[PDB]
Structure formats: C-alpha cells, structure tokens
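What follows is a single structure, written as structure tokens, with notes after it.
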Amino acid sequence: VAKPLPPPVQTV
Amino acid sequence: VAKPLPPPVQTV
Amino acid sequence: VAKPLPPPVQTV
Amino acid sequence: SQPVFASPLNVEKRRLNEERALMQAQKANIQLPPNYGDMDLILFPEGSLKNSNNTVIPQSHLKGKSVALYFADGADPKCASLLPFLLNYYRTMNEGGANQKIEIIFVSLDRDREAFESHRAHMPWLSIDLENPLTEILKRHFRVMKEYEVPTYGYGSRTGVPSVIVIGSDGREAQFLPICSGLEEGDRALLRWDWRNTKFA
Amino acid sequence: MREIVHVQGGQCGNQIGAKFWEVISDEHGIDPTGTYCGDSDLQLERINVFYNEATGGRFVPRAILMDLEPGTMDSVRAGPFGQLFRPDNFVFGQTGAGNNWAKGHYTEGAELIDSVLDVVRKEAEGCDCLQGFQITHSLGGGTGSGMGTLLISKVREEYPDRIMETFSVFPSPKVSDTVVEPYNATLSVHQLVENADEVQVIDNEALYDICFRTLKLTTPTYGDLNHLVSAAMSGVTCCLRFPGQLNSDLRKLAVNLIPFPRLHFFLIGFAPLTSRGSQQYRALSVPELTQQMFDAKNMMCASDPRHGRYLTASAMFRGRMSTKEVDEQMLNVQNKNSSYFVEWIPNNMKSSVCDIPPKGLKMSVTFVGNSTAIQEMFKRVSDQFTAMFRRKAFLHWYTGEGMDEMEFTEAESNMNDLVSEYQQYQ
Amino acid sequence: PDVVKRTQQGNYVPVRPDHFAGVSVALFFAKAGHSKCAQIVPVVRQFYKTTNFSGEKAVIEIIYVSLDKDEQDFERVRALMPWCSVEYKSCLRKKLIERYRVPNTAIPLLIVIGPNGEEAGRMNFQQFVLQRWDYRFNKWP
Amino acid sequence: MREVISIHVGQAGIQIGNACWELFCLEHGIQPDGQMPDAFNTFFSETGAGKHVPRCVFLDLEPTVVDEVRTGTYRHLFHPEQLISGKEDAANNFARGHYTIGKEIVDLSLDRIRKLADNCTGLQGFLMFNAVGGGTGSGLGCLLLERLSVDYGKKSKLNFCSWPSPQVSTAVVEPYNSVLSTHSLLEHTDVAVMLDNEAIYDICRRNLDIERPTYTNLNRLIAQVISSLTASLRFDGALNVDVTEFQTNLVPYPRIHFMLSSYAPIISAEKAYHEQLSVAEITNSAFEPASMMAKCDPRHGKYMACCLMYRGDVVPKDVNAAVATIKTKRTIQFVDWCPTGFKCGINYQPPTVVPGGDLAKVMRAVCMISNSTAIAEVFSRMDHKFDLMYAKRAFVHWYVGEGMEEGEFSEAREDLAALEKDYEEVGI
Ligand SMILES: Nc1nc2c(ncn2[C@@H]2O[C@H](COP(=O)(O)OP(=O)(O)OP(=O)(O)O)[C@@H](O)[C@H]2O)c(=O)[nH]1
Ligand SMILES: Nc1nc2c(ncn2[C@@H]2O[C@H](COP(=O)(O)OP(=O)(O)O)[C@@H](O)[C@H]2O)c(=O)[nH]1
Ligand SMILES: [Mg+2]
C-alpha cells in the first residue's frame, strides 16, 4: 500500500 | 509543655 | 516503579 | 506521569503546558512534546484550601513546610483509631521547634454535606471542600479507593483508606506512609515523615 | 509455556471439578460464554496453564470429562459455567459401572479407555511442552475408582517422567455410602502408591466438620462442599499461574515434601474460613492464620494431627504480606509444637508466597502436609476390608468378572506394609 | 477540529490537533464485547504505560476507533482506555474504518500511520506480537 | 577497556539484581528507558545515540520472574534475549539444574557472554549472584561457573551467595543444595561473600526500626553494598581499590576466600535527626557484631583480613584515627601472622538512596568485607543439618533418578569437613 515517504537529507 | 525561651542574657 | 533522578548539582 | 498518567490532574497539566509551549513557539527552537521538568503546574486553585474559622488561602502559603495529603472518612473505624494519634503527631512536631514544620491537607469520603462537617469540627488542619471537583480528581490521582467504584486504568489500588502521603513541589508523590499499603502497620507510620526532604517549593 | 491437563472422573469427581472450573474461571475473569472481562494483565499473562485458544477469541479448558454414567455430565452441561467444555473431550458411558470397581476396571474398562486416551494425547502434544496431570476422582465409587485408575495407568506408561497428582476423596469412617468402600478404596490404593507422584486425601465428613464448626453452617450443599475443596485446589497451582516474591511449582512441592517414593499422601487444609460470626471482628493477619493450618478442626481430612507428627509441612500463602513472619511464625509454631514434629528433619516447614490473593480476599494460605496422622484412615479401611474376607462375601461378583482371589491378598500385603513403613519411621 | 478527544473526568477536553508532533501515532480498532479484543485492550495499555512514560519525552500515542453498536457502550470503554479517542458522532470514525479495509474476527488491529495520513504499518492479534512496533519509526516533523 | 559483567541466576538473584539496577540507574542519572537527559562505561555500553545498555545475563529455568521483569517498567532497559528463561523450574533440585534441564540453556548463556565480554578488551571480573538453597539458583549457577572457569582463567570471579539461615528456612532441601554445591563452588570461584537471611533480617529490625519489610526492601539494603564495592571503579576516589586487588590483599590463602559484608549506617529519618554520623562511630557500628550480614558473631571469632571502603567527604586524617581506635580496642582480635589487617579506601561520591524507600541519605558510609575464622560456625550448622538428613538416606530417591549417583554426597561431605578443618590451622 502507500507507504509514507522517508524524510530527506538534513543538508549538512 | 513547649516552654518559652528566656532572654539570652543581655551583656556588654 | 518509575523513579526520579537525583539533581546533578553543578560544580560541587 | 508521577505517580500515574491516567489521572485528571495530569491530563490538564500537560494540556495547559503544551498549549503554553506551542503558543510561545508560534509567537517566536523548542522540542515537542516537552519534558516533565519543563511541565509546571499550579496544583491547588484559589478557593480550595481553608483553615479553622473557614477562611480561604492560596497555594503560596504552603512554602517552606512539609505538606501531607490525608485520605480519610468518618465511617471507617481505622480512621477513628488513627485520627487522635494524627492529632498528637501534628501536635508534638509543630510546637516543638521554631518553625511550622508540618502541615496536613485533608480530603474526605464522607457520604453527604453533613458528614464532612462532623469530621471537620474535630480537625484543625487544612482541608478542601467536597463540593468542588478538586476532591475526586485528587482521589484518582494518588490511587486511593475505599472500594472499586470508579473504573481504574489498569492500576490496582496500592493504598486504602486511611492513607496519609507526603508530596513535593509539583504534585509529586514522595513516599507512602504505610498505614494502609501492601505493608499495613497501624498508628506508627506517622513518625516516618521526613520533613527535610518533603518540601513545597 | 507449561500447561496442566485436567482429567475429571466419577460422579463425585465430575461435580468436584465442575466447581473447580466454576471457581478458576470467575477468578481469572472469564464469563461462562467464554469471553473475558477484568482488564488486568495478571489474569491473562498465564491463561494457557488451564485454557486453550479457540481462534474465536474464547478459552476452552483443557479438561476431560469422563464417566460411565451419562447423567453426571448431563448435569454439568445444564449447570452454570456448563458451556466451557468441548463436547469432543466428553466420553460417555451407557452400560454403567454400578458402584463396582471390578466391572469399571476391566469389562467396560476397555472400550472407553481407548477413547479417553485418544482425547488426552491430542490435548497433550498439541501444546509445546506440558507440565502435569491433575485428576479429580473418588476412591469410594466404582467408575471413579476403577475406570479413572486405569486412566492413571495408561497416562504414566506413555509419560513416565511428568508430574501428576490426584485430588481424590476417600471412604468415610462414620457415615458411609456405597457399601463396597474398602473394596473400591484398597484395590485402587495399590495403583496409587506405585503409579502416582502425589495423592491428596479428602474425607467427606471431615468436610462436614469444616462446615459445622469452623463455618457455622446449618444446611450446606455440594456446591459449598466442593467450593472449599476447590479453594485449596486453586491454591496449589495459583502460584504457578501467577508471579510472586517466592514462586512455586507442583514439582517444587514434590521434591521437598515427599521424602521417599512410596509415601506421598498429603493433608490439605485451607485458611481463612469465616462465618457471619467469624468475619466482622476477626483480624486477618499472618499470626492469626498460623493457627488455622495447625488446627484439627480446620482440616479437610479425618486424620487427627495430634495423633501423629508432621514429616514435612508446607504452605502456599497469597496476598500483600511480608514474607518473614511467614517463617518466624513457622519457626515458633515449630518450636512450641516440637513434640508435634519429627525430630530427624531440621526445619521441616516449607514456605512460598504468591503475589495474587484469592479474589475478593486480602490474604489466604493453602496447607499441604506429609504426616503420620494418615494411618487412622488407612487402618479403618484395612480392618473393614478384613471383615469382608473371612467369610468370602460380596466378591463372588468380582470373581465373575475376572477379579479372582489372587490379587486381593497382596492388596493387603502391600497395605499393611504401607502402614508398617509409616509406623517404623516414628 | 473537535473530532479527537482527550480524556478528562467531569468534562471531555478536545485535544488540539497538532498534539501528535514527534510521536508515533497508532490507530487501535476495537469493538466492545468482542472476545479477542478483551485480552488485547489491557496489554496494549501495558505498552502505553511502560514505553511512553519511562522517559520525559513522549514516544507513542494511540487514537481509539470504536466499532461499537451502542453509544453508551462506547462511553464505558472510552472511560477504560487511557488513550484518546474519536467521538461517536464524528465524521472521522466511519471515514477511517472505510479507508483502512477493516470490516465489521479480524478485529482488533493496530495500524501505525504517518504525518501525511497514509498507512505506515499493520499488525494483527489473531492467534510478543505487540512488541514489534518501534516508537522511533514514525517520528513526526 | 577495563569493565565488569554481572551474571544473575535464580529468582533470588533476579530480585537482588532488580534492586541493584534500579539503584545504579538512579546513581548514574540514566533513565529506565536508557537515555541520559564517562563513568557509565564500566557498567553500560553506548549502543548507538545516547542509549546506555547494561551488561548482564539473567538465567532462570523458572520463567515467571523473567517474563515478569519483561512485563515490568524496565523492559527497554534490558536487552530482551539475555533474559533467557527455561520452560520449567529445577524445583529445588541440585540434580535437575545441573544435568537435564541445564544443558539446553547453559549453551545459550555461554555464547552470550562471549559477545558481551569482547565488547571491550582487558576485562576484570564477574558479579555472580545466586541463591545456594535452591535448585536452579545453585545448579545452573554452578553449571555456569564451571564453564566460565575453563574458558576464562584470568578473571576475578566474585560470587555473592545467599547462604541459608539456621532457623529461617523457606525450604527443606537446602541442607542438600548447599553442602553438595560447596564442593563444586570452592575450587571454581575466586571471591565469595556470605549473605545469610536472618542476619540482614535483624539488621532492618533494630537499625531501620521496621517490624516487617518485604524481600525487595532488603534487596535495596543489599544493593547499597553492591554499589560502593564497585563505586571505586565507577567514580574516582582519594584512594581507590578495585576488584583486581582483592586477590593481593583480602585473601591470605587461596582456599579460604569466603568473607563477610557490612554496611553502615543503615538508618532512616528517625535516626538522621539525632546523630552526627562521623567516621569514628561509623566504623564502630560497622564493626558491631550484630551488623554482620551472616549471624557470624566474632566474639569467638578471630580476624585475619579486612577492607573498609568509605565514601562521602571523608578525609584520611581521621581515617587513620578511626582504625587506630579499633586496633587498640580489645573486643576485636586480629591474627598474629599479619601485623596489620586493615586496608582503607575513599570515594568522593556520597551514596544515593532510592526515593520512596527506607534509607534516608547519609553524607558518610562504609562497606566492610572481612575474612574471619568464625566462618566455621556458618558451615557447622550446615554440617549438623546435612548428616541428620543423610543418616537414613533421606530425600535422595529422586536425586539418584536424575544423575546424583551414590558417592558425590559423601565426597562433598569430607570436603565441607575439609573446609571446617581448613579454618583451625589458619587460626592456630
Ligand atoms: N536475598 C534474597 N534471597 C532470596 C530471595 N528470595 C528467595 N531467596 C532465597 O533463595 C533461597 C532459595 O532459592 P529460591 O528463591 O527458591 O530460587 P532458586 O535458587 O532459583 O531455586 P528454585 O526455587 O528451584 O528456582 C531461599 O532459601 C531464600 O533464602 C530474595 O528476594 N532475596
Ligand atoms: N464432596 C463430594 N462428595 C461426593 C459428591 N458426590 C458423591 N460424593 C461422595 O462419593 C460417594 C459416592 O461416590 P459416587 O459418586 O457414586 O462415585 P461413582 O461410582 O463414580 O459414581 C458418596 O459416599 C459421597 O459421599 C460430590 O459432589 N461432592
Ligand atoms: Mg525459581
């Protein structure tokens, strides 16, 4: 099913 | 009873 | 049970 | 969270504190949800505590003294035996010394308007009135049941009536005086009160 | 986990065990329809000891109703909590072992012993690792003492290392029904001593003494009579189903109560037991409960403890109570009753504490004792036996079914040897 | 809005909808008087007490959805569950039971969700099982 | 690097360790979850981001305590698969906990401390916890102790066994479970400390002035002496003494390594009101004969070795004065082949008390571990109970059905008698 997409890179 | 304190001897 | 933390008193 | 979560004091404690933290965050970096130490609550409202001659006092008078909740009712014969000894324990510790070391707040299980007044007239220390919603929210909060009437949230009754407890500053349970516990010593647990430790600040 | 499989036999046994499931189900929180109410994890974390999930959310007890008279489990179905048992655990009987040990052991002891052993294996290996076998039966009846005893033989020869115990009632000294009492009792006690790990003794009119003196009851009933034997029946295994400060096991009792393998007969008591005139003004404290295990009037067995010495006594406390005046209360009762204890075992008494009190109470205890008081009952059935052989009566209808004269004689050569090894140890 | 309700004795307080920041939200579907959910609703309270209220930060939070056939039956089970619920007259209860493919024996279920609202993880109780949910999975921004 | 691992066996050792690691969790400021809101490395590992994880295995063939800790509030503190539990108890049989139901679980414990030990390199010792009166506390812990001895021969195995009381029993096979295990524990462990029941039971009688505590209340009293014994390892001190110096100092001869315990002061709010607690009377009450944790009355005792560990704001300028008054005291006798028998240690950290418990806080404290020859009376009552059982072959009918054959009872009998006879040449 529609899994929630992961958070992106924190752009360190 | 809870007896009152005396004055603490007023000296020079 | 769940118990507190003793306070880490600063620079004793 | 201390002593339990499923208490009416704690549900309004974190609701007001998280609302306060997020109206400050909306006004202005803070981490959600806040910690327990960041969660500060005014435990006792304005018109709740009163003394003999029935004059109301705010919560701020309880600073510098050990405050003890007293869960009791007149019909219980254990309360009948405990009450004169708690009068004599509230006696001796409090004239002996230079400061008002101890203070007891009373909460009742008396079965109407009149039965509270009869137990009140033999009692000099502070108490709260059975009319307000403060009495039964404290009743669940520190987990006291004379008998299972209000449904509990999975916590069996640690203590029965009579029960005297000592509290800290932010409505925190310090230690149960085991007059009625899983231990049951009668008329002797009163001298377990440790009035350097239990401080209302 | 570990699960006790329950076998329930005889007319007396099917009423005793029915009240057993009536008192365990309502203390664990299960309605007679099979659902649960009680919102406690303590009542649910170990429910597999006696129950099984039915993939419908209900719990079916691991009980085997077995009897040769078809009216006994007919009353179990009609009674309250009578819709817990699976109909497939039921095995029926139509010809009926009519108060007869011989026809209940051999003649109709064959065509039902194959089916009641079928039902016990698929209740046994269906679990991961079973623990023991509790059997409620009678030594006074015919099919409760013969047909259930052949079941004791067939269970052990398959499962030789698991513990098992029998909560068996016994023939009566004073007022006796089912007039072949020593015939049914003693032909079964040979199989009880060589083929059972524990046998716990219950006397019917000793239970009458419980309701007369320590209960102040005018006309009690089998419901109450089986209720006060199911209180101790609950107490012997509630510490298994529940946690505690010093937990305990049926095998925990077994290793340190039975000294030598042939004597394993136990003396079961229960405390507290109150009346309307024994509930209001009575302190419920452990030194008050100390005297009720060591009270001959508070004993469920006819054997007077003052006419003997306790080889090894044990107690299973329950409730919110300190563990130490378990033991100095067991120390001072040992010191004052030193002449009531055996001398060559130091510190005879065993103590264990379960942290769940019986439901509705604050504290209780279940006493189990290996004692040399039990020979009072073992010698009255012995000489009631010897009066039925010097003139040959009532056993020709045993010999007509195969029970010839050979085995009756060593049924006494092992019975008086059983009490001789009892008396030679005092 | 005023659809999800925090428990309080005397008057039911409506919890403000951004209460769920930084915590893992798990929908708990149940029906009162159902036999399987009778032993699941206490042990899911067990994880609610132990896990969440061991540390100062809250880590889990459970929303209650009822399949109950009576409004008074819902009230006396909501007063037993120590986590928040949805009102019996709310739109959200029959929206979520229709979305998440849970019919009116498979019951109960726990479904952890995400901030976007879609499904994140499903596990049943049809038979240590409930331990498999980790509170660090659904951290919400 | 230098770190310590604890092993608990038996439900007595589980309940003791429960009070041990509520109190260490209070002491280091870590949460029951495991996150602090570098002394913690000596009991915990930094498992990822902020989690401190205890180093233990919890062994019990009886599962109702292992899964009840798992249900309890400390479920995220402990790693769920060192909490290995058997299917059924050893049922107070030294036989059953050592041969049949011991084998399938001892291999699950040994491959476990393999991965727990090599988390660091240069490890020091083991805090072994067991009850000697039971079946899986004795049998499984001794089964474990043999395999630890043949695998890691360079460790300091430090076992705290709860010796059975003379009068307080809670069992009747405890004459058999103790005598027959002392044979297989004497040559396998390195440091042992007796903890009788009724001795600490009287300690909370007269010092704490509670008529009637529970088991857990004394496990908190035990957790204090577990704490300050290793608080030298945890926190730095003015003069620190560790586990590895116990072999150099406290044990004269390697056979005799059974010592005692003492903690002082063990007091409450009533007692903290009216006394100063200074080092002079603190070491006097620590050497008071009724504060011993094993009913070992040293009036007819004969001291050889002794180690005291103070903590708090204690200066050595009065530590030397405190031990000087003891040496000049006549009621305490030391042995002639040591000129001095005292070694003192100081830790800067004052103790922490469990909130809601029965100890009030004290600025000063001491734990005392002494080797005396009045250990003979602890084992001579155990001598009298064993042979009165064994005079008529009592209780061995199921021991021989498991693997306790005829003969190991009798050779354990002459080795307990070898331990009795070891006490008087070292006294003479
Ligand atoms: N210090 C301490 N000792 C305990 C505690 N509980 C039991 N004991 C002691 O443990 C001894 C026997 O051990 P058990 O408690 O039966 O546990 P065990 O050694 O694993 O033996 P099993 O019952 O077969 O599991 C008893 O004689 C008690 O003195 C406790 O909570 N604290
Ligand atoms: N405690 C108790 N004893 C019973 C009960 N029913 C019968 N008995 C006793 O058992 C004896 C008769 O056994 P019986 O029931 O006929 O055994 P059966 O031959 O297997 O049917 C009588 O002496 C009764 O005292 C009962 O429900 N409870
Ligand atoms: Mg055990």
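Note that we place each Cβ from the backbone using ideal geometry, even for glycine, and neighbour counts take in every protein chain shown. Rule-based calculations on the coordinates, nothing more; no lab input.
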Query raised in the report: Order of E:342-349, E:315-322, G:3-10 by packing, highest average Cβ count within 10 Å first?
Result: G:3-10, E:315-322, E:342-349
Requested in this report: Can you tell me the relative contact order of segment E:170-325? Whole percent, Cα pairs under 8 Å, sequence separation 6 or more.
Outcome: 31 percent
Requested in this report: Determine, from the Cβ-Cβ distance of residue F:124 and residue E:208 and an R0 of 41 Å, the FRET efficiency 1/(1 + (r/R0)^6), rounded to the nearest 0.05.
Outcome: 0.15
**Report entry** Cβ-based charge dipole, segment E:1-146, positive-most Cα from E:5, E:29, E:71
**Finding:** E:71
Report summary line: Between the modelled labels at residue G:118 and residue E:129 (7 Å from Cα along Cα→Cβ) the distance in nm is 2.9 nm
Report summary line: Expected vector for segment E:401-412, Karplus 3J(HN,Hα) from phi with 6.51, -1.76, 1.60 and θ = phi - 60°, integer Hz, x for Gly and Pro, equals 10, x, 7, 7, 6, 5, 6, 5, 6, 7, 5, 9
Report task. Quickly rank G:79-92, F:114-127 as a protection proxy: mean count of other C-beta atoms within 10 Å, highest first. Result -> G:79-92, F:114-127
**Report entry** Cut-off 17 Å, label 7 Å out along Cα→Cβ of residue D:191, residues of segment G:272-305 by amide N
**Finding:** G:272-275
Query raised in the report: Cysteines of chain E lacking any other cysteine beta carbon under 4.7 Å?
Result: E:12, E:37, E:127, E:129, E:211, E:238, E:301
**Report entry** Point-charge dipole on Cβ atoms (K/R +1, D/E -1) for segment D:15-145, about Cα centre, debye to 20
**Finding:** 320 debye
Query raised in the report: How much length, in nm to one decimal, is gained on full extension between residue G:111 and residue G:410, taken as 0.36 nm per residue of separation minus their Cα-Cα distance?
Result: 104.2 nm
Report summary line: Here the percent of antiparallel bridges among DSSP beta bridges lying wholly in chain D, to the nearest 5, is 55 percent
Query - Dipole of segment D:25-73 [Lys/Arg +1, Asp/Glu -1 at C-beta], most positive-end residue of D:35, D:71, D:58 - result: D:58
Report summary line: In whole Hz, the Karplus estimates of ³J(HN,Hα) for segment G:86-96 (6.51, -1.76, 1.60; θ = phi - 60°; x where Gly or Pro) are x, 7, 8, 6, 6, 6, 6, 10, 5, 5, 5
Query raised in the report: Which residues in segment E:348-367 have a backbone N closer than 13 Å to a point placed 7 Å from the Cα of residue E:26 along the Cα-to-Cβ line?
Result: E:359-360
Report summary line: Expected integer from the mean partner chain Cβ neighbour count at 10 Å over F:29-36 is 3
Requested in this report: Give the calculated FRET efficiency between residue E:283 and residue G:87 to the nearest 0.05, with a Förster radius of 51 Å applied to their Cβ-Cβ distance.
Outcome: 0.80
**Report entry** HN-Hα J in Hz across segment D:186-201 - Karplus 6.51, -1.76, 1.60, θ = phi - 60°, x for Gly and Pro
**Finding:** x, 6, 10, 5, 4, 6, 7, 5, 10, 7, 6, 7, 7, 10, 8, 10
Report summary line: In chain G the DSSP beta bridges are antiparallel at a rate, in percent to nearest 5, of 35 percent
Query raised in the report: Put a dot 7 Å past each Cα toward the Cβ at residue E:338 and residue E:52; how far apart are the dots in nm?
Result: 5.5 nm
Report summary line: Stretched fully, the stretch from residue G:280 through residue G:236 gains (0.36 nm per residue minus C-alpha distance, one decimal, in nm) 13.5 nm
Query - Average beta carbon contacts from partner chains per residue of D:31-37, 10 Å cutoff - result: 6
Query - segment F:20-75: relative contact order in percent, alpha carbon pairs under 8 Å with at least 6 residues between - result: 54 percent
Requested in this report: Please work out the C-alpha center-to-center distance from segment D:126-172 to segment G:250-301 and express it in whole Å.
Outcome: 41 Å
Requested in this report: Distance between Cα centroids, segment F:1-41 to segment G:81-142: provide it in whole Å.
Outcome: 43 Å
Query - Length-normalised contact order for chain E - Cα pairs under 8 Å, 6+ apart - percent - result: 16 percent
Requested in this report: State to the nearest 20 debye the size of the charge dipole of segment G:202-306 about its Cα centre, where the only charges are +1 on K and R beta carbons and -1 on D and E beta carbons.
Outcome: 360 debye
Query raised in the report: Could you give the distance between the Cα centres of segment G:192-249 and segment E:1-59, to the whole Å?
Result: 44 Å
Query raised in the report: In what sequence, highest mean first, do G:208-218, E:405-415 appear when ranked by Cβ atoms within 10 angstrom?
Result: G:208-218, E:405-415
Query raised in the report: Taking each residue of F:43-55 in turn, how many C-beta atoms of other protein chains fall within 10 Å of its C-beta, and what is the average?
Result: 6
Query - Dipole moment magnitude, nearest 20 debye, the protein assembly as shown about Cα centre, only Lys, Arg, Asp, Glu C-beta charged - result: 3800 debye
Report summary line: In this structure, the FRET efficiency calculated for residue E:406 and residue E:177 from their beta-carbon separation, with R0 = 30 Å, to the nearest 0.05, is 0.55
Report task. Quick one: go through segment D:164-195 and flag any residue whose amide nitrogen is under 17 Å from the point 7 Å out along the Cα-to-Cβ line of residue D:38. Result -> none
